[PDB]
Amino acid sequence: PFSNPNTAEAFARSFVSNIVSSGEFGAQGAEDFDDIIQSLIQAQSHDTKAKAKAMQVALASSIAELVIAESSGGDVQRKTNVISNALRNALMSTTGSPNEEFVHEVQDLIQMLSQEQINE
Amino acid sequence: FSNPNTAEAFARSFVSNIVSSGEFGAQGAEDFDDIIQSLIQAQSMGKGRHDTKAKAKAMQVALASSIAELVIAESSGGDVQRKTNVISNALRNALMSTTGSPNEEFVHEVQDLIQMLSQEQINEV
Numbered sequence: 010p011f012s013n014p015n016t017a018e019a020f021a022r023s024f025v026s027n028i029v030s031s032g033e034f035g036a037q038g039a040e041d042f043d044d045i046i047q048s049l050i051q052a053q054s060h061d062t063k064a065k066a067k068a069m070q071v072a073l074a075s076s077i078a079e080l081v082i083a084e085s086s087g088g089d090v091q092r093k094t095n096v097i098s099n100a101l102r103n104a105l106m107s108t109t110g111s112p113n114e115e116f117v118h119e120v121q122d123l124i125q126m127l128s129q130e131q132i133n134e
Numbered sequence: 011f012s013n014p015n016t017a018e019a020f021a022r023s024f025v026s027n028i029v030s031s032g033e034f035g036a037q038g039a040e041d042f043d044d045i046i047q048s049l050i051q052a053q054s055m056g057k058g059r060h061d062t063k064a065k066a067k068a069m070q071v072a073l074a075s076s077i078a079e080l081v082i083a084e085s086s087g088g089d090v091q092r093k094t095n096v097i098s099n100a101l102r103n104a105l106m107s108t109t110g111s112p113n114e115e116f117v118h119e120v121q122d123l124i125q126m127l128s129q130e131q132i133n134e135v
């Protein structure tokens, strides 16, 4: 989905809409996701495979870190399931595919970052 | 990384340290430069209407993960410990030079991300 800058723009709009609709995040939380995803999508703009991988991981890691920073510890599993659902749905509606690898990366990153000193 | 003037200087110093290490070739150094410059622009843009502590953490993690992923991408699996040591040393010197702390929390984040990303399907060869 991060092939086309227009597909990327369309995925971002759809993901943030899925976050707003969940009822799990307030005004500021949905805005946090929007500011961060919009920034990284815009940055993702000659390409190498290595650079594409770095940008895909930067986006996955930014989403994972927001889940932790928005959560209060005990609700990380609930917010992980809500963000996983929002992601799967936006990918499926914008691409016809659920991009399970991208979702796996975000889930793995959420679990690793729940233990980093930046989040202690 | 909240101070644009510092951010830019850190980018230049870090990339200089990567080039001087001799551990990364010309393409590697180019990939690092392009990615670190994009993530600085992202750090500024990520402030949007009102900067928040949660957004600042998300953008520091995005920068750390982008560095960790290129370490994996620029090798092909084998020499990960040497490259982790060289990148950690390049980062510490660039942080000390531009801030006067080694910011070992940020460096540890990058070392943890190298460990975890070296497991992921995107990195399978």
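Protein chains in written order, with the entry's author numbering: chain A, 10 to 54, 60 to 134; chain B, 11 to 135.
Note that the Cβ used here is the ideal one computed from N, Cα and C, for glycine as well.
Of B:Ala39, B:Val96, B:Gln70, the smallest CA-CA separation from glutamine 131 of chain A is found for B:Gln70. The beta carbon of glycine 56 of chain B sits closer than 6 Å to the beta carbons of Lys65, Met69 from its chain, once the five residues preceding and following it are set aside; these are given in chain order.
Against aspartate 89 of chain A, chain B offers no close residue; the least beta-carbon distance is about 14 Å (beta-carbon pairs closer than 8 Å).
For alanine 17 of chain B, no chain A residue has a C-beta closer than 9 Å to its own C-beta; the minimum C-beta separation is roughly 13 Å. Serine 86 of chain A has its alpha-carbon roughly 21 Å from the corresponding atom of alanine 72 of chain B. If you check the CB distance, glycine 32 of chain A and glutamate 84 of chain A do not come in under 8 Å. Cβ-Cβ separation between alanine 74 of chain A and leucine 123 of chain A: approximately 6 Å, consistent with a contact (criterion under 8 Å). Interface criterion met: the Cβ of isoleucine 45 of chain A is under 8 Å from a Cβ in chain B.
For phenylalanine 42 of chain A, the closest C-alpha among the options B:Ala21, B:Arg59, B:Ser48 is that of B:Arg59. Its Cα nearest to that of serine 76 of chain A, the residue A:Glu119 stands out among A:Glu119, A:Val90, A:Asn15. A distance below 7 Å between beta-carbons, with the five flanking residues on each side excluded, links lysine 93 of chain A to the following residues of its chain, in chain order: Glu33, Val81, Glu84, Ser85. For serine 111 of chain B, same chain residues with a beta-carbon under 7 Å away, outside a window of 5 residues either side, are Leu105 in chain order. Considering only beta carbons, the part of the region 72 to 87 of chain B lying closer than 7 Å to chain A consists of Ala72, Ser75, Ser76, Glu79, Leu80, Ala83, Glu84, in chain order.
Going by beta carbons, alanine 19 of chain B and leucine 49 of chain A fall outside the 8 Å limit. Counting only Cβ-Cβ distances below 7 Å, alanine 64 of chain A has contacts in chain B at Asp41, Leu80, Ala83, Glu84, in chain order. Across the structure, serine 26 of chain A and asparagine 15 of chain A are spaced so that their CA atoms are roughly 17 Å apart.
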